[PDB]
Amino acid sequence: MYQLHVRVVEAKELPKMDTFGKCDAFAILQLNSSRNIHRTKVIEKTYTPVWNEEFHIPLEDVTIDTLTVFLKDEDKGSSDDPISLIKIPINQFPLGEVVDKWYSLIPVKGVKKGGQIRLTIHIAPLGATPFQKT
């Protein structure tokens, strides 16, 4: 068994998602199509949100698993405003290494730019210390 440790650090270059505002940005993490979803806090009225939030997701397969990262803009009614997403194959991360990297998000229809998000990702055997080289 292996575990995927993910620090959702920050994002930048976000589009304007509110006609009289900026972006009320939060991120969502999903392994494969698992119903166990992880969400950051919202950072209100910014194009450069910093969350620095850690999540720990059990992996079912260290090669075929995929991490989908959704970026969204929180709005005032019952729904939010999708911005962009990226699908990150898990096989590209060397086992036990802590990889700090920026990822260009692909914007949804009707959004001019998708932004970039910084993630620290670390696949490690269960019980090993998160975010330390193994």
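Each residue number is its position in the shown sequence, starting from 1. In this text, rigid core is short for the largest set of C-alphas that superpose within 1.5 Å between two forms.
Engineer: On a core superposition, give the stretch, 74-82 or 101-109, with the larger average C-alpha separation from this form in 6 other deposited structures of this protein (RMS over structures and residues).
Structural biologist: Relative to the shown form, the greater RMS C-alpha distance in 6 other deposited structures of this protein belongs to 74-82.
Engineer: Which has the higher mean CA temperature factor in the PDB entry, 31-39 or 69-77?
Structural biologist: Comparing 69-77 with 31-39, the higher average CA B-factor belongs to 31-39.
Engineer: Quick check: 118-126 versus 11-19, which has the larger average CA B-factor in the record?
Structural biologist: Comparing averages over the C-alpha atoms only gives 118-126.
Engineer: Of the choices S104, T48, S84, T63, which one's C-alpha carries the largest B-factor in the record?
Structural biologist: Within the set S104, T48, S84, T63, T63 shows the top C-alpha B-factor.
Engineer: Which third, lowest, middle or highest, does the C-alpha temperature factor of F55 belong to within its own chain?
Structural biologist: Middle third by C-alpha B-factor.
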